[PDB]
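Under the working numbering, the first residue of the sequence shown is numbered 1, with each subsequent residue one higher. C-beta: ideal position from N, C-alpha, C; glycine also.
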Amino acid sequence: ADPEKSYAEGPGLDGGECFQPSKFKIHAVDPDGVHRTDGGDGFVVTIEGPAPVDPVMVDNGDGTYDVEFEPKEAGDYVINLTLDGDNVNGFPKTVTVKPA
């Protein structure tokens, strides 16, 4: 599968500010020169923090999925991105935002 070629990166999740739009795109790659049979990629991503719209993740079905959350005060972000049953080396981490 893609337990070694799954990465998510975006202009969101950097934290720093809560009034900044948080959105990133995830890209999985399996041993077929694809993102693990597009459409059926075991990609589970999840973000959350001290806000109302914390859990926001969607899949487009093109090997790349997007996730977006947007807080309105001071908060830290905890990420969750998994493609096989484990998380990427930058998702179970927590980013921090100050009092926007």
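Determine the contact status of residue i and residue j, defining contact as a CB-CB distance below 8 Å.
i	j	result
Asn89	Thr46	no
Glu48	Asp41	no
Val34	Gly63	yes
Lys5	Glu68	no
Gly61	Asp38	yes
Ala1	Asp86	no
In angstroms with no decimal places, state the Cα-to-Cα distance between residue i and residue j.
i	j	result
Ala51	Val97	12 Å
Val56	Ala8	14 Å
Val78	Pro3	21 Å
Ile26	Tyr65	5 Å
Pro11	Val29	21 Å
For chain B, check one thing: does any of its Cβ atoms lie closer than 8 Å to the Cβ of residue i?
i	result
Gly90	The structure shown contains no chain B; it is built from a single protein chain.
What are the boundary residues of the beta strand (DSSP E) that includes residue i?
i	result
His27	22–28
Using 8 Å as the threshold, is the segment 58–73 in touch with the segment 9–23, meaning 3 or more CB pairs across them?
yes
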